[PDB]
file model34.cif (mmCIF, C-alpha atoms)
data_model
loop_
_atom_site.group_PDB
_atom_site.id
_atom_site.type_symbol
_atom_site.label_atom_id
_atom_site.label_comp_id
_atom_site.auth_asym_id
_atom_site.auth_seq_id
_atom_site.Cartn_x
_atom_site.Cartn_y
_atom_site.Cartn_z
ATOM 1 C CA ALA A 1 -183.514 24.104 44.699
ATOM 2 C CA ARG A 2 -182.815 27.071 46.977
ATOM 3 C CA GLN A 3 -179.541 27.756 48.788
ATOM 4 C CA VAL A 4 -179.093 29.416 52.181
ATOM 5 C CA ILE A 5 -176.416 31.704 53.614
ATOM 6 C CA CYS A 6 -173.987 30.603 56.325
ATOM 7 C CA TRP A 7 -174.125 31.994 59.862
ATOM 8 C CA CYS A 8 -170.949 33.655 61.132
ATOM 9 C CA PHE A 9 -170.685 33.886 64.918
ATOM 10 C CA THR A 10 -167.987 34.216 67.580
ATOM 11 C CA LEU A 11 -167.995 32.462 70.954
ATOM 12 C CA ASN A 12 -165.654 33.712 73.680
ATOM 13 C CA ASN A 13 -164.692 31.587 76.685
ATOM 14 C CA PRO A 14 -166.915 28.623 75.726
ATOM 15 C CA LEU A 15 -168.149 26.308 78.481
ATOM 16 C CA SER A 16 -168.079 23.365 76.072
ATOM 17 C CA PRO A 17 -167.602 22.299 72.428
ATOM 18 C CA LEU A 18 -170.366 22.725 69.848
ATOM 19 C CA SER A 19 -172.297 19.918 68.158
ATOM 20 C CA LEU A 20 -174.499 19.199 65.140
ATOM 21 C CA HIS A 21 -178.103 20.416 65.217
ATOM 22 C CA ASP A 22 -181.145 18.439 64.077
ATOM 23 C CA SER A 23 -182.404 21.686 62.548
ATOM 24 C CA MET A 24 -179.178 22.626 60.767
ATOM 25 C CA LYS A 25 -177.493 20.640 57.993
ATOM 26 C CA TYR A 26 -173.764 21.269 58.404
ATOM 27 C CA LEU A 27 -171.514 22.371 61.266
ATOM 28 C CA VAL A 28 -168.148 24.112 60.919
ATOM 29 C CA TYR A 29 -166.103 25.689 63.710
ATOM 30 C CA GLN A 30 -162.510 26.123 64.878
ATOM 31 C CA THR A 31 -160.604 27.132 68.010
ATOM 32 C CA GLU A 32 -158.530 30.317 68.159
ATOM 33 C CA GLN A 33 -156.198 31.982 70.661
ATOM 34 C CA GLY A 34 -157.108 35.356 72.129
ATOM 35 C CA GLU A 35 -158.628 37.328 74.996
ATOM 36 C CA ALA A 36 -156.595 35.905 77.878
ATOM 37 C CA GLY A 37 -155.272 32.354 78.002
ATOM 38 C CA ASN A 38 -158.845 31.241 77.362
ATOM 39 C CA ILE A 39 -159.974 30.275 73.862
ATOM 40 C CA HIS A 40 -162.839 31.168 71.523
ATOM 41 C CA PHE A 41 -164.792 29.398 68.780
ATOM 42 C CA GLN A 42 -165.185 30.847 65.285
ATOM 43 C CA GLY A 43 -166.755 29.403 62.151
ATOM 44 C CA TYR A 44 -169.789 29.181 59.881
ATOM 45 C CA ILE A 45 -173.023 27.263 60.454
ATOM 46 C CA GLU A 46 -175.742 26.548 57.893
ATOM 47 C CA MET A 47 -179.255 26.048 59.264
ATOM 48 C CA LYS A 48 -182.120 24.146 57.634
ATOM 49 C CA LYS A 49 -183.384 27.129 55.638
ATOM 50 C CA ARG A 50 -186.119 29.286 57.166
ATOM 51 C CA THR A 51 -184.396 29.356 60.557
ATOM 52 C CA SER A 52 -183.851 32.751 62.183
ATOM 53 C CA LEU A 53 -181.162 33.626 64.727
ATOM 54 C CA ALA A 54 -183.473 32.053 67.307
ATOM 55 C CA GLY A 55 -182.451 28.686 65.894
ATOM 56 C CA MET A 56 -178.709 29.222 66.231
ATOM 57 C CA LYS A 57 -178.892 31.160 69.498
ATOM 58 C CA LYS A 58 -180.906 28.239 70.868
ATOM 59 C CA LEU A 59 -177.752 26.117 70.680
ATOM 60 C CA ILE A 60 -175.467 28.783 72.141
ATOM 61 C CA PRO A 61 -177.493 31.499 73.918
ATOM 62 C CA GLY A 62 -175.060 34.309 74.666
ATOM 63 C CA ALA A 63 -172.843 34.653 71.606
ATOM 64 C CA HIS A 64 -172.271 37.136 68.782
ATOM 65 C CA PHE A 65 -174.055 36.082 65.591
ATOM 66 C CA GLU A 66 -174.356 37.778 62.199
ATOM 67 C CA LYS A 67 -176.693 36.762 59.375
ATOM 68 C CA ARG A 68 -176.037 39.905 57.335
ATOM 69 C CA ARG A 69 -174.011 37.699 54.991
ATOM 70 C CA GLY A 70 -170.689 39.363 55.748
ATOM 71 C CA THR A 71 -168.950 36.366 54.196
ATOM 72 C CA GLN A 72 -171.610 34.584 52.145
ATOM 73 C CA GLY A 73 -169.451 32.206 50.131
ATOM 74 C CA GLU A 74 -166.261 34.035 51.076
ATOM 75 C CA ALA A 75 -166.040 32.199 54.400
ATOM 76 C CA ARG A 76 -165.557 29.022 52.367
ATOM 77 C CA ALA A 77 -161.978 30.102 51.668
ATOM 78 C CA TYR A 78 -160.825 32.542 54.347
ATOM 79 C CA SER A 79 -163.024 31.151 57.122
ATOM 80 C CA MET A 80 -160.847 32.243 60.043
ATOM 81 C CA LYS A 81 -157.464 33.871 60.653
ATOM 82 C CA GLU A 82 -154.657 31.313 60.409
ATOM 83 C CA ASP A 83 -152.312 33.749 62.150
ATOM 84 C CA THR A 84 -154.497 33.502 65.254
ATOM 85 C CA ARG A 85 -155.833 30.030 64.462
ATOM 86 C CA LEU A 86 -155.285 27.563 67.306
ATOM 87 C CA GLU A 87 -157.236 24.437 66.361
ATOM 88 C CA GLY A 88 -159.376 23.202 63.484
ATOM 89 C CA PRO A 89 -160.812 23.480 61.086
ATOM 90 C CA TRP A 90 -163.560 21.050 62.095
ATOM 91 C CA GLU A 91 -166.516 19.715 60.108
ATOM 92 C CA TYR A 92 -169.582 17.963 61.519
ATOM 93 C CA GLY A 93 -173.027 16.849 60.390
ATOM 94 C CA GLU A 94 -173.980 15.863 56.852
#

call {"tool": "encode", "arguments": {"input": "model34.cif", "output": "structure tokens"}}
result
Amino acid sequence: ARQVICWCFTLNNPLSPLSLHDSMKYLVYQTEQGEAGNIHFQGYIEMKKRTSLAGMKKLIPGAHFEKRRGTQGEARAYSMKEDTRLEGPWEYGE
């Protein structure tokens, strides 16, 4: 059994809410307040396994993603900033 790292990305001024992916396994995101009255989405997403950024970007082409593992396992606790947290957290998928 092999484990994969979560994908940390940030979506600013989203045109719509995210959803589960047939390729991924779990979906986690939350809404935050910032950059003008508008809102942004922030969370972690775990893909199938051998899925590059192309897989995630395919769902939301035009966002900031990071697979460098800047929070591999650490995002399970901190996740996002509660001080600036607006909505969530939210879990979807398996």

call {"tool": "resolve_selection", "arguments": {"input": "model34.cif", "expression": "the PyMOL selection byres ((chain A and resi 7) around 7)", "output": "PyMOL selection string"}}
result
chain A and resi 5-6+8-9+44-46+66-67

call {"tool": "closest_residue", "arguments": {"input": "model34.cif", "among": "A:86, A:75, A:28, A:39", "to": "residue 11 (chain A)", "atoms": "all atoms listed in the file"}}
result
A:39

call {"tool": "atom_distance", "arguments": {"input": "model34.cif", "atom1": "CA of residue 30 (chain A)", "atom2": "CA of residue 89 (chain A)"}}
result
4.9 Å

call {"tool": "resolve_selection", "arguments": {"input": "model34.cif", "expression": "the PyMOL selection byres ((chain A and resi 92) around 9)", "output": "list in words"}}
result
residues 19, 20, 26, 27, 28, 29, 90, 91, 93 and 94 of chain A

call {"tool": "resolve_selection", "arguments": {"input": "model34.cif", "expression": "the PyMOL selection byres ((chain A and resi 63) around 12)", "output": "number ranges by chain"}}
result
A: 8-15, 40-42, 53-54, 56-62, 64-66

call {"tool": "atom_distance", "arguments": {"input": "model34.cif", "atom1": "CA of residue 82 (chain A)", "atom2": "CA of residue 37 (chain A)"}}
result
17.6 Å

call {"tool": "atom_distance", "arguments": {"input": "model34.cif", "atom1": "CA of residue 80 (chain A)", "atom2": "CA of residue 23 (chain A)"}}
result
24.1 Å

call {"tool": "closest_residue", "arguments": {"input": "model34.cif", "among": "A:48, A:83, A:69, A:77", "to": "residue 2 (chain A)", "atoms": "all atoms listed in the file"}}
result
A:48

call {"tool": "closest_residue", "arguments": {"input": "model34.cif", "among": "A:18, A:25, A:71, A:79", "to": "residue 43 (chain A)", "atoms": "all atoms listed in the file"}}
result
A:79

call {"tool": "closest_residue", "arguments": {"input": "model34.cif", "among": "A:74, A:4, A:22, A:31", "to": "residue 52 (chain A)", "atoms": "all atoms listed in the file"}}
result
A:4

call {"tool": "build_atoms", "arguments": {"input": "model34.cif", "residues": "region 22-44 of chain A", "atoms": "N, CA and C atoms", "output": "PDB file, in the coordinates of the input"}}
result
ATOM      1  N   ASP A  22    -180.133  19.139  64.858  1.00  0.00           N
ATOM      2  CA  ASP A  22    -181.145  18.439  64.077  1.00  0.00           C
ATOM      3  C   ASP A  22    -181.824  19.385  63.094  1.00  0.00           C
ATOM      4  N   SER A  23    -181.787  20.678  63.402  1.00  0.00           N
ATOM      5  CA  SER A  23    -182.404  21.686  62.548  1.00  0.00           C
ATOM      6  C   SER A  23    -181.461  22.094  61.421  1.00  0.00           C
ATOM      7  N   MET A  24    -180.182  22.241  61.751  1.00  0.00           N
ATOM      8  CA  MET A  24    -179.178  22.626  60.767  1.00  0.00           C
ATOM      9  C   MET A  24    -178.865  21.466  59.827  1.00  0.00           C
ATOM     10  N   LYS A  25    -177.891  21.669  58.947  1.00  0.00           N
ATOM     11  CA  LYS A  25    -177.493  20.640  57.993  1.00  0.00           C
ATOM     12  C   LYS A  25    -175.997  20.355  58.094  1.00  0.00           C
ATOM     13  N   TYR A  26    -175.210  21.406  58.291  1.00  0.00           N
ATOM     14  CA  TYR A  26    -173.764  21.269  58.404  1.00  0.00           C
ATOM     15  C   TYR A  26    -173.223  22.115  59.552  1.00  0.00           C
ATOM     16  N   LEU A  27    -172.131  21.657  60.154  1.00  0.00           N
ATOM     17  CA  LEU A  27    -171.514  22.371  61.266  1.00  0.00           C
ATOM     18  C   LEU A  27    -170.019  22.556  61.029  1.00  0.00           C
ATOM     19  N   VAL A  28    -169.560  23.800  61.121  1.00  0.00           N
ATOM     20  CA  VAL A  28    -168.148  24.112  60.919  1.00  0.00           C
ATOM     21  C   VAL A  28    -167.668  25.152  61.925  1.00  0.00           C
ATOM     22  N   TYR A  29    -166.656  24.788  62.705  1.00  0.00           N
ATOM     23  CA  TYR A  29    -166.103  25.689  63.710  1.00  0.00           C
ATOM     24  C   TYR A  29    -164.644  25.350  64.001  1.00  0.00           C
ATOM     25  N   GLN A  30    -163.917  26.318  64.550  1.00  0.00           N
ATOM     26  CA  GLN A  30    -162.510  26.123  64.878  1.00  0.00           C
ATOM     27  C   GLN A  30    -162.128  26.912  66.126  1.00  0.00           C
ATOM     28  N   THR A  31    -161.071  26.468  66.800  1.00  0.00           N
ATOM     29  CA  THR A  31    -160.604  27.132  68.010  1.00  0.00           C
ATOM     30  C   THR A  31    -159.494  28.130  67.697  1.00  0.00           C
ATOM     31  N   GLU A  32    -159.533  29.279  68.367  1.00  0.00           N
ATOM     32  CA  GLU A  32    -158.530  30.317  68.159  1.00  0.00           C
ATOM     33  C   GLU A  32    -157.999  30.835  69.491  1.00  0.00           C
ATOM     34  N   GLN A  33    -156.817  31.441  69.455  1.00  0.00           N
ATOM     35  CA  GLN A  33    -156.198  31.982  70.661  1.00  0.00           C
ATOM     36  C   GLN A  33    -156.420  33.487  70.759  1.00  0.00           C
ATOM     37  N   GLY A  34    -156.864  33.939  71.928  1.00  0.00           N
ATOM     38  CA  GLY A  34    -157.108  35.356  72.129  1.00  0.00           C
ATOM     39  C   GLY A  34    -157.801  35.643  73.447  1.00  0.00           C
ATOM     40  N   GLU A  35    -157.978  36.923  73.755  1.00  0.00           N
ATOM     41  CA  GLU A  35    -158.628  37.328  74.996  1.00  0.00           C
ATOM     42  C   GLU A  35    -158.227  36.407  76.145  1.00  0.00           C
ATOM     43  N   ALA A  36    -157.089  36.704  76.764  1.00  0.00           N
ATOM     44  CA  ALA A  36    -156.595  35.905  77.878  1.00  0.00           C
ATOM     45  C   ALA A  36    -156.251  34.488  77.429  1.00  0.00           C
ATOM     46  N   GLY A  37    -155.643  33.719  78.326  1.00  0.00           N
ATOM     47  CA  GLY A  37    -155.272  32.354  78.002  1.00  0.00           C
ATOM     48  C   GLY A  37    -156.432  31.554  77.444  1.00  0.00           C
ATOM     49  N   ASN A  38    -157.647  31.931  77.828  1.00  0.00           N
ATOM     50  CA  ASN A  38    -158.845  31.241  77.362  1.00  0.00           C
ATOM     51  C   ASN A  38    -158.872  31.167  75.839  1.00  0.00           C
ATOM     52  N   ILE A  39    -159.837  30.426  75.305  1.00  0.00           N
ATOM     53  CA  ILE A  39    -159.974  30.275  73.862  1.00  0.00           C
ATOM     54  C   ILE A  39    -161.380  30.644  73.400  1.00  0.00           C
ATOM     55  N   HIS A  40    -161.542  30.814  72.093  1.00  0.00           N
ATOM     56  CA  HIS A  40    -162.839  31.168  71.523  1.00  0.00           C
ATOM     57  C   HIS A  40    -163.115  30.358  70.261  1.00  0.00           C
ATOM     58  N   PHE A  41    -164.394  30.157  69.960  1.00  0.00           N
ATOM     59  CA  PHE A  41    -164.792  29.398  68.780  1.00  0.00           C
ATOM     60  C   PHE A  41    -165.249  30.331  67.663  1.00  0.00           C
ATOM     61  N   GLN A  42    -164.820  30.033  66.440  1.00  0.00           N
ATOM     62  CA  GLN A  42    -165.185  30.847  65.285  1.00  0.00           C
ATOM     63  C   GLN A  42    -165.366  29.978  64.044  1.00  0.00           C
ATOM     64  N   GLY A  43    -166.482  30.175  63.349  1.00  0.00           N
ATOM     65  CA  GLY A  43    -166.755  29.403  62.151  1.00  0.00           C
ATOM     66  C   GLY A  43    -168.092  29.752  61.526  1.00  0.00           C
ATOM     67  N   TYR A  44    -168.522  28.947  60.562  1.00  0.00           N
ATOM     68  CA  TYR A  44    -169.789  29.181  59.881  1.00  0.00           C
ATOM     69  C   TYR A  44    -170.735  27.998  60.072  1.00  0.00           C
TER      70      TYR A  44
END
